[PDB]
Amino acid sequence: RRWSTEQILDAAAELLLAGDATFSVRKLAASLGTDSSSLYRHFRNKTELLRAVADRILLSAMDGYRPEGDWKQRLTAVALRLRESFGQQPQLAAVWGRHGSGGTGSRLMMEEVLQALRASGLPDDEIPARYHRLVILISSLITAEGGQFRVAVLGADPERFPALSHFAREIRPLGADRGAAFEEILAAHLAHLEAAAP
């Protein structure tokens, strides 16, 4: 009568959904009918527990993934799946964006990114560095998005700030339109990789 680490992590993922933002080791233990001291047989500590749960989110992101389309379509598909999976998991998004994860979810995601980068023709020697920048970009955008007021132009002298005064009515707040910004920034980055590929 004891849960696997996998089962514990999956219970935690669900608890972390509906917050807010509530989650503790005590609550997790109680949901499993066990105690906090027993859970820590599974995880060195709470940040190791949270990283391990963030891995489960990668794993589900990759749920039912098939590598269709060209290398750029594949990298875009993975980036979107990751963004969607983290969409309702802001806390885990932060943990992953900071530490990454070292389990099966990370492995499946990494395997596809790396196969896609090989598919592009980029030289192998360069792939780990290309990988590193690509995942830093995707993760950084995902952590920032998940976590009205006075706008900068209001009261600005139009002679001191002509460009700002000219544009500021058309400028969107930094927190608005984040889904489109994600896709456009990602596409820009993949165009850079394509330009670098033979």
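The first residue of the shown sequence is 1; numbering continues from there.
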**Asked** What is the count, as a class, of unmodelled deposited residues between residue 21 and residue 22: none, 1 to 3, 4 to 9, or 10 or more?
**Response** 1 to 3
**Message:** Does the chain run continuously from residue 162 to residue 163, or are deposited residues unmodelled in between? Answer none, 1 to 3, 4 to 9, or 10 or more.
**Reply:** none
**Item:** Residue range whose averaged C-alpha B-factor is higher in the record, 22 to 30 or 42 to 50
**Value:** 42 to 50
**Request:** Check the entry's C-alpha temperature factors for 186 to 194 and 7 to 15, then say which stretch has the higher mean.
**Result:** 7 to 15
**Request:** For the C-alpha B-factor as written in the entry, point me to the maximum among 85, 115, 76, 101.
**Result:** 101
**Item:** Chain thirds of CA B-factor: placement of residue 94
**Value:** highest
**Prompt:** Based on the entry's values, in what third of the chain does the Cα temperature factor of residue 133 lie: lowest, middle or highest?
**Reply:** lowest
**Item:** residue 70 - Cα temperature factor, lowest/middle/highest third of chain
**Value:** lowest
**Message:** Sorting by Cα B-factor within the chain, modelled residues only, which third would residue 153 end up in: lowest, middle or highest?
**Reply:** middle
**Prompt:** In terms of the chain's CA B-factor thirds, is residue 111 lowest, middle or highest?
**Reply:** lowest
